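In: Need a 3D model of the sequence below.
(7 chains)
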Amino acid sequence: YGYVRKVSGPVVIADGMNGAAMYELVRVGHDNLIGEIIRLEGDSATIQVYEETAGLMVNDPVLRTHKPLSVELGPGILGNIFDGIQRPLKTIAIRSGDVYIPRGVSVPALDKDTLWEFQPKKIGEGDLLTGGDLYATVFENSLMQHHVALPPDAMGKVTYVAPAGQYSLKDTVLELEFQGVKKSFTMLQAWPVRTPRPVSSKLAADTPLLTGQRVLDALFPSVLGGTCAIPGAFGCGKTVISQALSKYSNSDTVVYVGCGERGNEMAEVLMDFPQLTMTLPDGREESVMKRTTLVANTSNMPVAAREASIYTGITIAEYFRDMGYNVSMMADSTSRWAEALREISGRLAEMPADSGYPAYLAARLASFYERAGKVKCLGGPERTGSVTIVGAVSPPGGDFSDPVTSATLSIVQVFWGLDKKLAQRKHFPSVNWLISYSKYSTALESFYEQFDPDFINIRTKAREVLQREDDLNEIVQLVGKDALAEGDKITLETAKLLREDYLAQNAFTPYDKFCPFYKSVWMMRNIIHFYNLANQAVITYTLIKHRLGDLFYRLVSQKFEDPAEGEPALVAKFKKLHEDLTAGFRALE
Amino acid sequence: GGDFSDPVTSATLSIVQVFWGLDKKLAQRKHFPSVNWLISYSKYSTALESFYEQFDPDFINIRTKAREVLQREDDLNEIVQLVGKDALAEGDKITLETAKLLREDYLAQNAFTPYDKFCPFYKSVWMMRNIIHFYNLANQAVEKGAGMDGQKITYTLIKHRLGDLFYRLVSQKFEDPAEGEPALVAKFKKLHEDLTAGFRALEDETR
Amino acid sequence: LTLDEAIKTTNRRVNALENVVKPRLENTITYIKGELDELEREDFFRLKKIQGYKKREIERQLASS
Amino acid sequence: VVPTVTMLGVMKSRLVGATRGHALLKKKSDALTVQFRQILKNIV
Amino acid sequence: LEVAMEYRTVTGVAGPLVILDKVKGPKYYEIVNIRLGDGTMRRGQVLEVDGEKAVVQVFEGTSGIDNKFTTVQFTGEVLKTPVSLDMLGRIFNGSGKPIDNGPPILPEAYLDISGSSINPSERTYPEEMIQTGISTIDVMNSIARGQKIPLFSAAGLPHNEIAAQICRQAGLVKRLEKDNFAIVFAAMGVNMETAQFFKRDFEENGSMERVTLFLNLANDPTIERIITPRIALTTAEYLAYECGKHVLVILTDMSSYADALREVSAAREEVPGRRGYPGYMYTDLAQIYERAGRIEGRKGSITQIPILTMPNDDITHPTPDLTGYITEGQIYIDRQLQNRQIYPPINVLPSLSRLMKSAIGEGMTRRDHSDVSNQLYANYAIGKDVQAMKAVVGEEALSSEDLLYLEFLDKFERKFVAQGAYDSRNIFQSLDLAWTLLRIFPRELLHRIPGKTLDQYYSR
Amino acid sequence: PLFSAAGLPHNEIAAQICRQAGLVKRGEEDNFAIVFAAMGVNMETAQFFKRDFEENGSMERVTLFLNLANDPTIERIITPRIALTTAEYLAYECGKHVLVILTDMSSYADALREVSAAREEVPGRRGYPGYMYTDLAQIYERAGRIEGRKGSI
Amino acid sequence: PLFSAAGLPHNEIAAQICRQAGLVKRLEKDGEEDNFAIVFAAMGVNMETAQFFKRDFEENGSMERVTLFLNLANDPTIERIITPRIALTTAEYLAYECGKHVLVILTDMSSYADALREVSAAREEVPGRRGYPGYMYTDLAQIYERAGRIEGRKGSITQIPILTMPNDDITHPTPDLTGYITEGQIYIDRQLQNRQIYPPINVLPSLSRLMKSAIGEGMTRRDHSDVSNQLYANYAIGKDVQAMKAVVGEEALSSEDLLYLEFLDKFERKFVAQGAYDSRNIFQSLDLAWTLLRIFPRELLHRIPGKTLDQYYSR
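Out: Numbering: from 1, shown residues only, chains lettered A, B, ... in the order given. Sharing the structure here:
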């Protein structure tokens, strides 16, 4: 019930919708075009329709949905591929057979006829349960067990519990009554993208995001449930860091979110993920897709879907965190999302602000980024998850002055700063140490000292060495290495060794594909301790340089060792090398 | 006074085939025809190939050489604005001399006197050929390097001991068209012969 | 002597001239986009408001008849 | 200076030219410094 | 089976628009034919509809229309262009009506323009190279079947000559690796004189069985200039994914297309967007471009080389800056090179392809492609720097290597880039020329070249 | 005010000033009561403020008006109004001197810009409302000493 | 139109022109009809300026000749959009239908553009550049194109509408349109005023389309065009030389550069400057210009032809 009255491009006016609500999604026309309500002036409505509105007919029916832009969560959310508006691309392609996306597809987000193995918890048929209680878990696939949380805003004494067995989402797995009225819940939960997910308490982040790369792990650490920023426009560093996060990061899940980038780039990345495979610490070999969800909205996709992809991804990440899993979101191109928002604002004729973006761009970016953090779960049993966002930025020409870049730098705690200059100089990590920073180091210092009380001092010494590296750089630039003192020469040599041996990774090489934090810490110790032990001896720089050739080779090889030997063997080898270097530095003095 | 971003200007340049872009800077310097030769263009240069070939089968090459000379001079004007003509070599110096001669002789026209009231195509092409031939011969001479100096020494040699040809070149604009083509053509052919005598007589004693 | 002169010129260009020009470019960009572009939208927005008011007045007058 | 699109283009061109000239002058100064170092070594 | 009603209720004419009075159940983007009082015929498109109202934008202008003698006969359609396999080898007008003195197309299908987007799951990374015959493109800025590479130009620069050369010389590199190549050629808002140039080039090309010249003049109605690239993209999509044929598309002067969209948007009383261009221009250009790509389920592909004019000879203009993000490359035409009388004035050093690595490989093209490309890049840069230094150091103090780089720069500018307008060059002989230029330096001097390649080719 | 770009320790400076605030003493009942407005602060900054204020032991004389970035943008405009009204009541109507603190005034400016752009009002420089001077006056122009009363803001 | 900015003495030079304007033909020119019968129309003028003009006209003995239509700033704004039209109608009647040469001084045309802006805004019309009415060009054409000699009558109308750029620019719509329409442009530069030269007229931006018609051997020295075109070129090239020497140092300049700088100094000091009550005969002005030119050698005088050089290079 409801018929269109005026169709001016994307904007659509439909009469007979007195009961419509603002921002309630609606189905327009026989083709089931999907659009969101904007203005409810009079008894009429106003809808902007995402897909092309060409060919609409006046008095074509309009069908309400009684729900805002929402995502159907539950089993089967992992692995698949979804559009910006939560449209399963893979199943759409299989059903329609052809390649083109049909104008008005109506495939449900998750297949409601597929069977998943279900088994309840030890709860009783007449017990009491509340919102967020974990009443069952499901083996969606191997090694990615999926907990079934009773939806929030739903509570009451238990009435029926489905016994363990094979079931589908259409089955009524749960039924309960709060008052005399009883409600039955399936395995599918719908939640609006704009509304965040209910939380019990925002904890303080207390565990680093071990990305497997030494430069990010030690120099500029990032904590679980913490924002991150990447100036990714070239050098494939964004692809490299995304692959590292998918394969080696501590997160139990990853939710890539791609909006408004080049279509072939998304093709390349979405073909790269299935090829990516990660080995289990127990020796098993798995596929990253078994723990990966992908929301990709190319430029050809409607602008509104491009804007909504980010919120869809963050809501998916929050739902994953609802069962205490550590999940990491990855916004492919926030600049593209901002451009989509700008286009939408221009469609709405909103008053332009700085550089043309709407005045709420900073506010909306902050609202999105504020959802990341380590959070106590809702409902029992007690557990805690985390959601960390590693959303990248694409400043125009590298000038960190655009409002998107400025707001992101103002909100994001940790900025890693990939540099194209290092990429030109053949640097695999490509992380510019001169601009990167980790504002969460003060909070992470508790764990840093618990693991090793000397590690934080080593990090401070390394930061001082990096600061003096540029000083020695202009020193050599203006007068040359001749004017450098023995201590200055030792400091410069140690800085160069750190840059070319530990601060840089080798990625492609099997020995340096993954850098454990243990190996990173031992390498940092074997570098800094040797640097000091050589420093206080000032001894002729040439003499120590000649007599430390074996020590220099050991320091260089302190990163060539493969992780095959494991932590106990590599740690012992690094300790022996450090002791030998200390003996050589002290005895020869 | 307004850049090409003007909507009328952009619309015209999106359609118009030949742009005689006059520059206000040339108007300040009182260069009266005032066409800026860096920003102007003519997309008809390809269709006129037959007419240029039949009139003079070597005009295209001399025109391209003149364009290259003008572009090179405009290019190193910025460098001179920083360092100065001290580092200018023989080739650069001769290129700038030829560019200045082309700018003040060829590209100017009074139009208030019979010298420049109406320049027929033959007179213009003869001026262009004379200037380009002088440039090419001078470049070849300074590249010869005879007399153990050549180079800018040979440039000064041709600008001092051979400067009468230079003055006749810079005054060639005054060939009165009323004298008729058979007379002006003979005069320019004689000037070309005299120019060929130079840079060969100058090379006789090896500078 | 020549190196001193060249270094003085280079340092002056790096410090004074470029850092003089770049603020000028930023101010020129801000004056055009920050003001003229904003005014153009505001002028057109007020014009559209005038048109909407005229249409609403015409409709109300017709309805009152 | 008066702000205009043509003025913005002129200022951008001036900045580009200044950067190019600065690079050229830096190269010249480096060459002169190398020659001066060689002369000092020869004198020593 | 329904004969569309021919309403005669014109109740307002203004500019290009005509407002009908009491149309019963219109369609938003319907297409309507107008029979004026004098009997002449005009075709118009339907813009925003309302209660019984329908604003119609009329082609060919609206002169002579009267509110009591003009009939507006609807159709109930959305401009399904006629599409067939025999559409190749013929020149078409802006709206699709053939102008090659031939018959109208007998269609194998009526595909609606602005086709539905490709499922991103079904895309596949582009592979293999597409030979263009221009050395600067196929050596240092290689092109792969499936890219969307702009050709940024400016007013006065010979963009159309490069367009014609690409249209003629385009071919498949895989000739030596061991004919399904079609070139949908679209030209929007060309000048009146370049129309003769295009007609001549496509009337004596020698490979007419490949090209299809959709042509839209400047004085043709604007809405034709909007529809022309969409018609071309639809025909290319059909010939690629519905006929299994590799397809290349050249869009000429999409800045004119942007201006046409600007003209249409203003007529609908919409507020102008940033810098005058509508805000939806990003969506429009993304819609035009993203139709390319390689489909896993089909053996065909679409590769775009859209030619864009950058006004004021700068990239800050909204159209080039906007299309920079969507695409993955930039092949600039430099004004100074045109002044230097190098016929292809492609500034190779500024130019780059964001995914040129896919075209370079072993199976496709030749093994030494990446090495020679990088060596040429680096050596050109060095030569430019050395020329700049020689402008200020007097050139007497330059070392031997400086003179080597100077002569290499001169040779590269005057023998490699300056390809003739008709000197078709296969990639193999283009690389042979590159090696000819490279072999001047000592074998040990080419630092960027990896081992086992110098020994193979440096011996000539 | 304190002028300090993003990322600078101005929050730490504000916390140190509030915790160490006191009269010249050259009295405790009329001593400095601090009204601490917080317009558009991050959650981590909010927890830091709460913990730092609870640690100094001066909770007995400090009021926090916290408004996170999650809260609605219009609700941020009334936070300084409420904070200054409570300060006015404490100082003039009760006597004790009040040391009003508002963090991230640029967040308040952004809230004003968003609200004005919502209603499509006449824009000043940088798209800000043309009455921003008056609003910043109605916020700032309340500090001072009234003759008949011993308070001070 | 005299282009000026706020603070520059455009009113003073206008009064000087009013007091000094006269015929030149063979230096021969009662002349009551030759008396220019100045019609002065002031729009939006500070009362001090009106008092100044009144006193100057009274003192110069022209009180029986001049005519003043005043629209002071405190006076209603709308009357400023009628005052110049009234003045031009009165000038037309005094010249064409009465045979008197007439001179008109419209003052502060920007104060007329402001009235146009106020009227257009009060009507909710579509704005143009900077919010000015889209038809400002038509109004400016209507207000300027009402001057010029007419074949059938012995009269004439010559107007000097002074203009005030808002921020001392030219891209502003009003000075831009005035430059488009009017056949001339006299530029008064802030740089000259800062250097304390009473006539700050920058001779390089200046332009007169009908300059080639007024001059000539029949009414001026034969070298006038040459002299002007050479001084302009030397001043422009010398300014470029000074700009170059500002960065390369006074030492790096050549002999020609030093000659150009000396020419600039003596041109801006001895030539441009003139007394606030002292005129200069056109032949005296040409003599001064020739003294300025003769700094350079005969070779450097490229624009001047040898025929005029022989009669003037020595004198």
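In: The residue in chain F positioned nearest to chain D - nearest residue in space that isn't next to it in sequence?
Out: Nearest residue of chain F to chain D, counting by CB to the nearest CB: residue F:125, 14.0 Å away. Quick note: C-beta positions are derived from backbone N, CA and C, even for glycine. The shortest distance from residue F:125 to any residue other than its chain neighbours is 7.0 Å, reached at residue C:34 (CB to CB, 6 or more residues apart in numbering or on different chains).
In: ok, the residue positioned nearest the centre of chain C - contacts?
Out: In chain C, the centroid-proximal residue (CA atoms, centre = their mean) is residue C:33; its distance is 2.1 Å. Contacts for residue C:33 were tallied using CB atoms under 8 Å, 6 or more residues apart in numbering or on different chains; they are A:355, A:356.
In: do that again at 10 Å, thanks
Out: Listed by CB atoms under 10 Å, 6 or more residues apart in numbering or on different chains, the contact set of residue C:33 reads A:352, A:354, A:355, A:356, D:8, E:274, E:275.
In: JSON lines please, covering those residues and showing distance to chain B and neighbour count.
Out: Shown next, in JSON lines, are these (distance: CB to the nearest CB, whole Å; neighbours: other CB atoms under 10 Å in any protein chain shown):
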{"residue": "A:352", "distance to chain B": "20", "neighbour count": "25"}
{"residue": "A:354", "distance to chain B": "22", "neighbour count": "20"}
{"residue": "A:355", "distance to chain B": "19", "neighbour count": "21"}
{"residue": "A:356", "distance to chain B": "18", "neighbour count": "21"}
{"residue": "D:8", "distance to chain B": "9", "neighbour count": "22"}
{"residue": "E:274", "distance to chain B": "15", "neighbour count": "21"}
{"residue": "E:275", "distance to chain B": "10", "neighbour count": "16"}
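In: Check those residues and tell me the two furthest apart.
Out: A:352 and D:8 (19.1 Å; CB to CB).
In: Against residue C:44, how distant is the residue nearest to the centre of chain C?
Out: Distance, residue C:33 to residue C:44, by CB to CB, to the nearest Å: 16 Å.
In: Please apply the same query to residue F:19.
Out: 53 Å.
In: Could you give the number of residues near the closest residue to residue E:117 other than its chain neighbours?
Out: The shortest distance from residue E:117 to any non-neighbouring residue, by CB to CB, 6+ apart, is to residue A:300 (3.9 Å). When neighbours are defined as other CB atoms under 10 Å in any protein chain shown, residue A:300 has 22 of them.
In: what about the strands in chain F?
Out: Secondary structure of chain F (DSSP state E): strands at F:34-41, F:62-68, F:101-103.
In: hmm, back to that, got the contact list for the residue nearest to residue F:125?
Out: Applying CB under 10 Å, 6+ apart, the residues near residue C:34 are A:354, A:355, C:27, F:125, F:126, F:127.
In: now, among these, which is nearest to chain G?
Out: Looking across the contacts of residue C:34 and measuring by CB to the nearest CB, the closest to chain G is residue C:27, at 13.2 Å.
In: right, and the closest one touches residue C:35 too?
Out: No - in this structure residue C:27 lies outside contact range of residue C:35 using CB atoms under 10 Å: 11.3 Å.
In: what separates whatever residue of chain B ends up closest to chain C from residue B:133, distance-wise?
Out: Chain C sits closest to residue B:82 of chain B, with a gap of 8.7 Å, by CB to the nearest CB. Distance, residue B:82 to residue B:133, using CB to CB: 32 Å.
In: what about residue B:91, neighbour count?
Out: When neighbours are counted by other CB under 10 Å, residue B:91 registers 17.
In: Okay, and it sits in which element?
Out: Per DSSP states H and E, residue B:91 falls inside helix B:90-101.
In: At which residues are the strands of the stretch 1-150 of chain E located?
Out: Taking DSSP state E, counting those that start in this stretch as the test, the strands found in the stretch 1-150 of chain E are E:6-7, E:10-14, E:17-20, E:31-35, E:41-49, E:54-58, E:71-74, E:80-83, E:91-92, E:109-112, E:123-124, E:130-131.
In: what kind of secondary structure is the closest residue to chain G within chain D in?
Out: Scanning chain D for proximity to chain G using CB to the nearest CB identifies residue D:2 as nearest, at 3.9 Å. Secondary structure, DSSP: H, G, I helix; E, B strand; the rest coil: residue D:2 is coil.
In: If anything else comes up later, I'll come back, but that's it for now.
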